[PDB]
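Text of work.txt, listed as compact mmCIF, C-alpha atoms:
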```txt
# COMPACT_ATOMS: atom_id res chain seq x y z
CA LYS A 224 96.38 77.52 108.11
CA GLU A 225 96.54 77.83 111.89
CA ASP A 226 99.58 80.12 111.91
CA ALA A 227 98.76 82.38 108.95
CA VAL A 228 97.19 85.77 109.77
CA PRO A 229 94.02 86.30 107.61
CA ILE A 230 93.89 89.31 105.29
CA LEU A 231 90.48 90.99 105.48
CA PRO A 232 88.42 91.85 102.38
CA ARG A 233 88.70 95.58 101.69
CA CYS A 234 85.96 98.02 102.73
CA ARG A 235 84.62 100.43 100.10
CA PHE A 236 84.23 104.04 101.20
CA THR A 237 81.19 106.04 100.11
CA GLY A 238 80.70 109.77 99.99
CA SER A 239 77.22 110.01 101.44
CA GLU A 240 75.11 111.19 104.32
CA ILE A 241 72.68 109.87 106.89
CA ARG A 242 70.45 112.30 108.76
CA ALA A 243 68.74 111.17 111.93
CA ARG A 244 66.45 114.00 112.82
CA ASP A 245 64.83 114.51 116.19
CA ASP A 246 63.97 118.11 116.89
CA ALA A 247 63.19 117.12 120.46
CA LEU A 248 66.94 116.72 121.18
CA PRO A 249 68.56 119.83 122.80
CA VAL A 250 71.68 119.99 120.63
CA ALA A 251 72.62 118.65 117.23
CA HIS A 252 75.67 116.49 116.49
CA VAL A 253 77.44 116.48 113.14
CA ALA A 254 80.44 114.45 111.98
CA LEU A 255 82.04 114.78 108.55
CA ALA A 256 84.94 112.74 107.18
CA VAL A 257 86.88 111.71 104.11
CA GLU A 258 88.68 108.40 103.67
CA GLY A 259 92.02 107.97 105.45
CA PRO A 260 95.16 106.02 104.41
CA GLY A 261 95.39 103.33 107.10
CA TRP A 262 98.02 102.55 109.77
CA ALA A 263 100.98 101.79 107.53
CA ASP A 264 100.97 105.08 105.64
CA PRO A 265 103.52 107.75 106.66
CA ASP A 266 101.07 110.49 105.66
CA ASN A 267 99.17 109.71 108.84
CA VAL A 268 101.94 111.67 110.53
CA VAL A 269 101.14 114.74 108.44
CA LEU A 270 97.39 114.21 108.83
CA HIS A 271 97.80 114.31 112.61
CA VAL A 272 99.86 117.48 112.35
CA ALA A 273 97.01 118.87 110.26
CA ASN A 274 94.40 117.99 112.85
CA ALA A 275 96.65 119.75 115.38
CA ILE A 276 96.44 123.02 113.44
CA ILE A 277 92.64 122.87 113.56
CA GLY A 278 92.58 121.20 116.96
CA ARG A 279 89.62 121.15 119.29
CA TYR A 280 87.38 123.19 121.54
CA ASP A 281 84.69 123.11 124.16
CA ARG A 282 82.99 125.88 126.20
CA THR A 283 85.28 125.23 129.17
CA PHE A 284 88.54 126.09 127.45
CA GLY A 285 89.80 129.16 129.29
CA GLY A 286 91.87 130.40 126.39
CA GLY A 287 88.57 131.48 124.88
CA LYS A 288 88.88 134.07 122.13
CA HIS A 289 92.68 133.92 122.19
CA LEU A 290 93.04 130.25 121.37
CA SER A 291 95.45 129.76 118.47
CA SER A 292 92.98 127.52 116.60
CA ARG A 293 91.20 129.73 114.13
CA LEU A 294 88.11 127.54 114.22
CA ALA A 295 88.23 127.69 118.02
CA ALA A 296 88.48 131.49 118.00
CA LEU A 297 85.54 131.72 115.57
CA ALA A 298 83.48 129.26 117.56
CA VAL A 299 84.06 131.54 120.57
CA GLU A 300 83.58 134.91 118.84
CA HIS A 301 80.36 133.78 117.18
CA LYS A 302 79.06 131.25 119.72
CA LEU A 303 79.30 128.59 117.00
CA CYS A 304 79.15 125.37 119.04
CA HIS A 305 79.35 123.69 122.41
CA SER A 306 82.41 121.76 121.18
CA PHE A 307 84.25 120.29 118.23
CA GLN A 308 87.05 117.80 117.61
CA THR A 309 89.16 116.66 114.71
CA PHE A 310 90.14 113.00 114.39
CA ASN A 311 92.15 110.63 112.25
CA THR A 312 90.87 107.17 112.95
CA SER A 313 93.12 104.57 111.33
CA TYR A 314 92.50 101.00 110.30
CA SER A 315 94.59 98.40 108.52
CA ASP A 316 93.53 99.12 104.91
CA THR A 317 91.61 102.38 105.39
CA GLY A 318 90.49 105.05 107.88
CA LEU A 319 88.43 108.18 108.62
CA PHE A 320 89.85 111.71 108.63
CA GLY A 321 87.29 114.24 109.77
CA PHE A 322 85.72 116.38 112.48
CA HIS A 323 82.69 116.32 114.78
CA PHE A 324 80.87 119.17 116.45
CA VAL A 325 77.97 119.83 118.78
CA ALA A 326 75.88 122.93 118.24
CA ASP A 327 72.51 124.50 118.86
CA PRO A 328 69.97 124.10 116.07
CA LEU A 329 70.44 127.67 114.90
CA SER A 330 74.23 127.74 114.56
CA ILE A 331 74.87 124.47 112.72
CA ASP A 332 75.14 126.20 109.41
CA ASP A 333 77.74 128.78 110.37
CA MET A 334 79.80 126.21 112.28
CA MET A 335 79.88 123.83 109.31
CA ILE B 2 66.60 133.11 108.65
CA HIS B 3 64.13 130.57 107.23
CA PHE B 4 66.19 127.41 107.84
CA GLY B 5 65.74 126.04 111.35
CA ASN B 6 62.35 127.58 112.13
CA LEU B 7 60.23 125.61 109.64
CA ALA B 8 58.83 122.44 111.21
CA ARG B 9 58.93 120.28 114.32
CA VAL B 10 60.10 116.94 112.94
CA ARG B 11 60.88 113.77 114.83
CA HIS B 12 62.19 110.27 114.17
CA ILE B 13 62.87 110.42 110.48
CA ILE B 14 66.08 109.04 109.01
CA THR B 15 67.22 109.70 105.44
CA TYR B 16 70.04 108.21 103.44
CA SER B 17 71.65 109.88 100.46
CA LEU B 18 74.59 109.27 98.13
CA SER B 19 77.01 111.78 96.68
CA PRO B 20 76.17 112.54 93.01
CA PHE B 21 79.54 111.12 92.02
CA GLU B 22 78.81 107.71 93.48
CA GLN B 23 75.62 107.35 91.44
CA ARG B 24 74.20 107.62 87.93
CA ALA B 25 72.33 110.70 86.69
CA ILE B 26 69.67 108.89 84.67
CA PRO B 27 69.40 105.38 86.12
CA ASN B 28 67.08 102.53 85.05
CA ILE B 29 65.55 104.23 82.02
CA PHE B 30 63.77 101.10 80.91
CA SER B 31 63.00 99.36 84.18
CA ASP B 32 61.74 102.46 86.04
CA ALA B 33 61.70 105.70 84.03
CA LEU B 34 59.69 104.84 80.89
CA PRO B 35 57.20 102.56 82.69
CA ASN B 36 56.37 105.54 84.94
CA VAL B 37 56.19 107.97 82.05
CA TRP B 38 53.61 105.66 80.56
CA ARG B 39 51.88 105.34 83.94
CA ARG B 40 51.70 109.13 84.24
CA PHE B 41 50.44 109.60 80.70
CA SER B 42 47.81 106.92 81.19
CA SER B 43 46.47 108.33 84.44
CA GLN B 44 45.88 111.78 82.88
CA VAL B 45 44.87 111.21 79.21
CA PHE B 46 41.18 110.81 79.89
CA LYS B 47 41.10 114.01 81.96
CA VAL B 48 43.01 116.26 79.58
CA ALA B 49 42.28 114.82 76.12
CA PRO B 50 38.44 114.85 76.09
CA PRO B 51 37.82 118.63 76.19
CA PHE B 52 40.66 119.15 73.68
CA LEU B 53 39.14 116.53 71.36
CA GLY B 54 35.77 118.23 71.82
CA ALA B 55 37.37 121.58 70.96
CA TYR B 56 38.84 120.07 67.81
CA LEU B 57 35.49 118.74 66.63
CA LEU B 58 33.77 122.08 67.21
CA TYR B 59 36.62 123.68 65.27
CA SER B 60 36.28 121.29 62.32
CA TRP B 61 32.53 121.59 62.21
CA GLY B 62 32.59 125.37 62.41
CA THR B 63 35.32 125.65 59.79
CA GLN B 64 33.53 123.36 57.32
CA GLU B 65 30.12 124.81 58.09
CA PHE B 66 31.59 128.19 57.20
CA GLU B 67 33.01 127.15 53.85
CA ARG B 68 29.80 125.30 53.05
CA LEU B 69 27.78 128.46 53.47
CA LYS B 70 30.05 130.10 50.90
CA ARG B 71 29.18 127.59 48.15
CA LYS B 72 26.08 128.15 46.05
CA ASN B 73 22.83 126.26 46.43
CA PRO B 74 21.62 125.12 42.98
CA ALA B 75 18.09 125.40 44.34
CA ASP B 76 18.14 129.16 43.77
CA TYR B 77 18.66 128.99 40.03
CA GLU B 78 16.50 126.03 38.97
CA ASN B 79 13.91 128.28 37.39
CA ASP B 80 15.94 131.24 36.22
CA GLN B 81 15.41 130.44 32.53
```

Let's see the structure in the file written out as structure tokens.
Amino acid sequence: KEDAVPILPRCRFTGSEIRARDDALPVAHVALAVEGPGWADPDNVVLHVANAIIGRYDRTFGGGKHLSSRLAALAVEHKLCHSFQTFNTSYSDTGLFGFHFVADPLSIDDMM
Amino acid sequence: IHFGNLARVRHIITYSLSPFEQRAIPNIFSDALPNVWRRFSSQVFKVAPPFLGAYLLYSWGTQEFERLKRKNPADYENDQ
């Protein structure tokens, strides 16, 4: 028993949402993700390449409107958000592939 | 632009499931029907009465009308 590594019970993913609303906060945060494959899967390599195409942004990127990331360009052109990031958080048996962004109340919709 | 200018809301959390993770018509017997009955019960004595009253008036008036069409034997009892 002492030298056997314990296998953890699997965690069920659920398409769903949780909305914590507080209009008194200056900017809104939104994260959206689908279930990932987990460390061992080779696809994680492709997923990361994918996230690279979309990439990330934040009002201090100098590239501004010329950034190669389409989403980044749009965010700039239309003042869509203060920032956004893609991620591919892995775990043993599962993971989270998604993106998170920070925007002003009135631009959440376009950004999303 | 009507979304984002509606109300000043604070401290409310809501949890929701995708439609594909749940059932469309859940707990028909434990929740649905009971409530249907509850809803029916709570309204029946507010709606029914005047409709029942209308019905009566209708029946009376319909019968009272046909009755006035029949002949009263008391108009021919001395027509020899």

* Write out as a ChimeraX atom specification which residues come within 12 Å of segment 258-272 of chain A when counting only C-alpha atoms, dropping same-chain ones fewer than 4 positions away. => /A:233-239,276-278,309-321

Review point. Of the residues B:65, B:76, B:22, B:32, which is the one nearest to chain A, using all atoms listed in the file?
Key: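 Residue with the minimum atom-to-atom distance to chain A: B:22.
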
Once you count all atoms listed in the file, what closest atom pair and distance in Å to one decimal does each residue of segment 241-267 of chain A within 12 Å of segment 3-14 of chain B have, with rows by chain and rising residue number, as a tab-separated table?
```
residue	atom	partner	partner_atom	distance
A:241	CA	B:14	CA	7.0
A:242	CA	B:14	CA	5.5
A:243	CA	B:14	CA	4.5
A:244	CA	B:13	CA	5.6
A:245	CA	B:11	CA	4.2
A:246	CA	B:10	CA	5.7
A:247	CA	B:11	CA	6.9
A:248	CA	B:11	CA	9.3
A:251	CA	B:5	CA	11.7
```

Using only C-alpha atoms, which protein or nucleic acid residues come within 9 Å of residue 323 of chain A? Drop anything in the same chain fewer than 2 positions from it, and give the result as a PyMOL selection string. chain A and resi 252-256+306-310+321+325

query: For chain B, which residue out of A:231, A:240, A:249, A:273 is the nearest one, using all atoms listed in the file?
result: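 For chain B, the nearest of the candidates is A:240.
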
Taken to one decimal, the atom CA of residue 302 of chain A-atom CA of residue 329 of chain A distance is 10.5 Å

- Report the distance between atom CA of residue 30 of chain B and atom CA of residue 47 of chain B in Å, rounded to one decimal place.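 Spanning atom CA of residue 30 of chain B to atom CA of residue 47 of chain B is a straight-line distance of 26.1 Å.
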